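Read the single chain below, which is given as structure tokens and is the form deposited in one PDB entry.
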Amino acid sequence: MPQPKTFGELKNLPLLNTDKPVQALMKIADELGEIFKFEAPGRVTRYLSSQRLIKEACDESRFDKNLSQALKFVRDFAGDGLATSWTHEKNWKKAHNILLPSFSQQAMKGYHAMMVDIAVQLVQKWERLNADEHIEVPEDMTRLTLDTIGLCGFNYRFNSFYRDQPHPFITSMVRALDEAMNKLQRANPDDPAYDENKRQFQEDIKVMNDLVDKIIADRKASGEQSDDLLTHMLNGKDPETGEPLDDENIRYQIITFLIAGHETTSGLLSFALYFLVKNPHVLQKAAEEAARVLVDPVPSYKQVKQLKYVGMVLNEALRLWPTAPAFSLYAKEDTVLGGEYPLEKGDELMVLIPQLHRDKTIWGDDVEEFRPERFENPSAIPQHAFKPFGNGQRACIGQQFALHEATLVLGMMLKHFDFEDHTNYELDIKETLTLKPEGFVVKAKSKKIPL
């Protein structure tokens, strides 16, 4: 098996001591091909980049979800929520069974009104900018996704569009994620210099726990019923065990929805708008659809489902830059991958999603071009070739939520404004646990269409 350059006793690990580790791994995959071994002190994994091998890795009879070191550090504040739990933990299948109906396409009808609430705030903010002011795209998109998840999740308003400094919960969550991310490439973690990081980390965990535990307790005491996930979780029972989720796991699910959903979804909208302004003919196609479909001052659920080309735009943005760029697997038993790579029980795999989506044997030679028409007929796409939302029963439970919000928001943006890439922005992808175009700015000229 191919393997990149080594650093003596540290093996390959210093290769990840960079601010853009996913893009670095993509370049290694370019050099070494569909699979390479990555060794560190006390850990071996294998990075997969081809549909040929990843379709086998996605065989749930042979491989199960593994917690990457990133996910392991996130579990310190995400607990045994869906994203940071092992498949064999009782609370995964319990929460999976309870929550799946509340994330279905049919369930999006009930969240649509709250999504419109925040989306109209975004449109109103941009309508109210002065001439030669500009938009900070990922910053506003993250304001929009956080508030939408907070509203649809537990009927709480972070009011991000009223602030320069976010609600203290958001600051603690972002800083907790940053510390979790920074721990990945941190040498000598027990050194006294990181004592402050550890103190701050425990403080931010309590901030998140205290607010969510308070809202859960408030909702139980009031007895009120809203259209949010918190109500569904307070009333839900696992059909298998007959048990409901307890209050602690409910808090972890709410924290998980915010962690897993806010930056992935905001990056998608940011990357979508980036590719649109860089491809004016595609923007014109998407803007025509939004104008033709969204004939009412406020979009309906039915109208959002009609934004077929906008949906294609989002899928192509997810192809080039999937904002949750990897997931991890382990072999359930000894098995042979691709007919030439023997794997022992417990061996770890990483799916490098941006490389998978550039597999020329699947997509052709023009993999770097932004062409939503690749997704004109979804059935043409081979199995396990397009995995922006993971795989199998451990796939993204929020996929329908994410695509419904992004389709609604991008449609409204394209309905109400013309956009100008006024700085000729040079793509610079910042890496946390997710991907986003850092510093992406545009000017928006209103079409003067009322809400």
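Note that the rigid core is defined as the largest set of C-alphas that superpose within 1.5 Å between two forms. Each residue number is its position in the shown sequence, starting from 1.
Colleague: Taking the other PDB entries of this protein that cover both neighbours, check whether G311 lacks coordinates in at least a third of them.
Modeller: Modelled in all the others, so no.
Colleague: What about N197, is it left unmodelled in a third or more of the other PDB entries we looked at?
Modeller: No.
Colleague: Looking only at CA atoms, which has the higher mean B factor in the entry: 381-389 or 399-407?
Modeller: The stretch with the larger mean CA B-factor is 381-389.
Colleague: 119-127 versus 191-199: which one carries the higher mean Cα B factor per the record?
Modeller: Of 119-127 and 191-199, the stretch with the higher C-alpha B-factor average is 191-199.
Colleague: At the C-alpha atoms, which of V295, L352, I254, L268 reaches the highest B-factor in this entry?
Modeller: The record points to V295.
Colleague: In this PDB entry, which of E139, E288, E316, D210 has the top CA B-factor?
Modeller: Spelled out: the listed residue with the top C-alpha B-factor is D210.
Colleague: Which third, lowest, middle or highest, does the C-alpha temperature factor of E348 belong to within its own chain?
Modeller: Tercile = lowest for this residue's CA B-factor.
Colleague: Looking at the temperature factor on the CA atom of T84, which third of the chain's modelled residues does it land in?
Modeller: Tercile = lowest for this residue's CA B-factor.
Colleague: Report the third (lowest, middle or highest) to which the CA temperature factor of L15 belongs, ranking only the modelled residues of the same chain.
Modeller: Answer is middle: the recorded C-alpha B-factor places it there.
Colleague: Ranking every modelled residue in this chain by its Cα temperature factor as given in the entry, which third contains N424?
Modeller: Within its chain, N424 is a middle-third residue by C-alpha B-factor, going by the deposited values.
Colleague: C-alpha B factor of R394, ranked within the chain: lowest, middle or highest third?
Modeller: For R394, whose C-alpha B-factor we compare with every modelled residue in the chain, the answer is the lowest third.
Same protein, other form: the form deposited in another entry, not shown, and the subject of what follows.
Colleague: After aligning the rigid core, which of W92, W126, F169, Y330 is the one whose Cα travels 2 Å or more between this form and the one not shown?
Modeller: After core superposition, the one over threshold is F169.
Colleague: Core-aligned, does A187 move its Cα 2 Å or more between this form and the one not shown?
Modeller: Yes, because once the rigid core is superposed, the C-alpha of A187 moves 2 Å or more between this form and the one not shown.
Colleague: Aligning on the rigid core, do we see the C-alpha of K278 shift 2 angstroms or more between this form and the one not shown?
Modeller: No, the C-alpha position differs by under 2 Å between this form and the one not shown.
Colleague: After superposition on the rigid core, does the Cα atom of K214 shift by at least 2 Å between this form and the one not shown?
Modeller: Yes; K214 is a residue whose C-alpha shifts (by 2 Å or more) between this form and the one not shown when the cores are overlaid.
Colleague: A 3 angstroms or greater change in CA distance between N155 and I170 is reported in the other form. Closer or farther than in this form?
Modeller: Relative to the shown form, the pair is farther apart.
Colleague: Which way does the C-alpha gap of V22 and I170 go in the other form, closer or farther, given it changes by 3 angstroms or more?
Modeller: Closer in the other form, by 3 Å or more.
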